[PDB]
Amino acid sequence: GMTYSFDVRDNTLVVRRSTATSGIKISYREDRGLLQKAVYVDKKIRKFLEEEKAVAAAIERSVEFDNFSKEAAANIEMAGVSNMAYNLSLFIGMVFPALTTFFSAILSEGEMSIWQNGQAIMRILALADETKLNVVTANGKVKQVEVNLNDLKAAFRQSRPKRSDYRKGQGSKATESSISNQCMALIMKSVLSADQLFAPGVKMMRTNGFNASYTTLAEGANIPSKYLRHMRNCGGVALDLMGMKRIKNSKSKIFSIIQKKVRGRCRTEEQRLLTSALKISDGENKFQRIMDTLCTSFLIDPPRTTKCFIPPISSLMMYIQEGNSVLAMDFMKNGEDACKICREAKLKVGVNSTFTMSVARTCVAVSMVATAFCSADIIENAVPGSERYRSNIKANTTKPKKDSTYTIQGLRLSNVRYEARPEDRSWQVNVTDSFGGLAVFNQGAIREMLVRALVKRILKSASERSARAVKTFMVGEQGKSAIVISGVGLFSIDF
């Protein structure tokens, strides 16, 4: 050793040692003992930097990441009218009042109408179902209240629908716990999707050796495994694939189990064959070639995805507290009932310089469609006025930090909208900028105007499909309106 410092080799922060003599040699000591002489800050260094001696933000995101990754790493190992709608409405109609009642001991009325607090209630609920403190937004100010998780758990287990209350198909093995878990998976998918706005999972994909572009395949990666086990398709295909790659290196039987699950999630035949084409007895290359091809295909043709469309938690609690009934509602088919609750209740939110109103509106939008990876155009039409670029967002999290301060104002959600479930003859194939100097154009259209067999087909099919602009309808109570899904999303500007 001779000289010590802190640096960022890749996207992590490491200890850099320079020794001079036969000139200068550079070492990155992974000892992390040393730390005195000196995005991801890591545990030992964050404990030493917090104990003794931008720095606070990249560490809040870092420990957050640690939690996300632990939850994801639970889920990757575990890889080895409609009933569901009626059950989910029954579940909500029975559980939410019990949540209203429990938290009336702890929170005021106005407090439960604050967006952050609904989120907080579900997170603590999920925690109990698996005495802690709980960070609550007050009069712009953050208070820490105490929640007894046994009371919360017991209240939940008794309040929730019974096995006989649910509609189950004939000879169903489904139990009370089982269905509860399905509902919690559907609801946790919505609540947690706002976090993936702030930390999509890029780091995790990179750390597992997947191209960052495959992050869009990691929706809901942090849904608590007890719930996802029952509702695998709430989870996003990247979980299974990473499980398959990890077990490819390292037993044989598991690989077949995950493979079968992935095959079932495929919605085109091309992906099904491609999936089966992966074999535990292949070289590193050409298994990676197949895996990569498969991943890429999944960007073209998404895996089978399950989810629900519910209004904000607080809104939902208010709407039920006001006397309204959700038993006859359908949150599976589309977002209509979710929008009806949205327009009706008078949700409130805490906002500030970093977590602005347009940020909050984006967080709502994202939970309504239960995915951070949704088209930005859709997001914008779903909750008007929301922010369409992640880059313009200055906050680093949805969660109040206890030193946090807000101004509590109204989160009006009339003019909210949902996408019609589907069941473009335009001539305009390019635009210019303001100067008429630069053009953006539809590649597929421009091209028309002018194992290996698999790849060729997929590539042709892709181009054949990208040539036509994709349109979709946003539905209000006043009617229905076409928009174009451009392909731009959140995260489209880095970073």
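Note that residue numbering follows the sequence shown and begins at 1.
- In the deposited sequence, the stretch from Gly80 to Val81 hides 10 or more residues that have no coordinates.
- The entry models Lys53 and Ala54 with a gap of 10 or more deposited residues left without coordinates.
- Just going by the entry, 237-245 versus 365-373 on mean CA temperature factor gives the higher value to 237-245.
- Mean CA temperature factor is higher for 2-10 when stretches 484-492 and 2-10 are set side by side in the entry.
- Among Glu284, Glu176, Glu344, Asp129, the highest C-alpha B-factor in the deposited entry belongs to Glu284.
- Placement of the Cα temperature factor of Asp42 within the chain: highest third of the modelled residues, per the deposited record.
- Ranked by C-alpha B-factor against the other modelled residues of its chain, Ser69 falls in the highest third.
- Compared with the other modelled residues of the chain, the Cα B-factor recorded for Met449 ranks in the middle third.
- Sort the chain's modelled residues by C-alpha temperature factor and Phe255 lands in the highest third, per the entry.
- Sorting the modelled residues of the chain by their CA temperature factor places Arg425 in the highest third.
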